[PDB]
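One chain comes next, on its own, written as structure tokens: the form solved without the named molecule.
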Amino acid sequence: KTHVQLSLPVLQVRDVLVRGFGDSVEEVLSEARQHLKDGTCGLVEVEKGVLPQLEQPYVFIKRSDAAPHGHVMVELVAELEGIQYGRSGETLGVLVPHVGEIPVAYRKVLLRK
């Protein structure tokens, strides 16, 4: 399928144990896609002071359409030193590895894969 329905656990930034996916734009997008597929991907909602607590490159999920079965359509955009790789709508949050942190909520997304 071109799109996959996911429910992403929303994590508080101070709980996150692994604060990024890797060390290059290409690696973080690769790793983020693999974790999204394996159900091992969390979402941190972006506010003042969140991003400086996480590791670059960042992976964002961004609204790609204006929501089948409650799932917002999203795509991946990476960022490193203020340059973004991809073009999409508003940020739903930043993706991180999920290694058993207790979530505060779930974000239903439809991921363009």
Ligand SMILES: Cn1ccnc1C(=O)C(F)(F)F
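Don't overthink the numbering: it's just position in the shown sequence, from 1.
- According to the entry, the stretch of the deposited sequence that connects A66 to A67 contains 1 to 3 residues lacking coordinates, which leaves a short gap in the model.
- Between 68 to 76 and 30 to 38, the higher mean Cα B-factor belongs to 68 to 76.
- Ranked within its chain, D15 lands in the lowest third, by CA B factor from the PDB record.
- Per the deposited record, the Cα B-factor of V46 falls in the highest third when ranked against the other modelled residues of its chain.
- Compared with the other modelled residues of the chain, the Cα B-factor recorded for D23 ranks in the middle third.
Not pictured, yet referred to below: the form deposited with the named molecule bound.
- In the deposited bound form, at least one heavy atom of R112 sits within 4.5 Å of the named molecule.
- Shown alone here, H71 lies farther than 4.5 Å from the named molecule in the deposited bound form, counting heavy atoms only.
- Put simply, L36 is close to the named molecule in the deposited bound form: some heavy atom of it is within 4.5 Å.
- Contacts between 1 to 31 and the named molecule, taken as any heavy atom within 4.5 Å in the deposited bound form, involve only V4.
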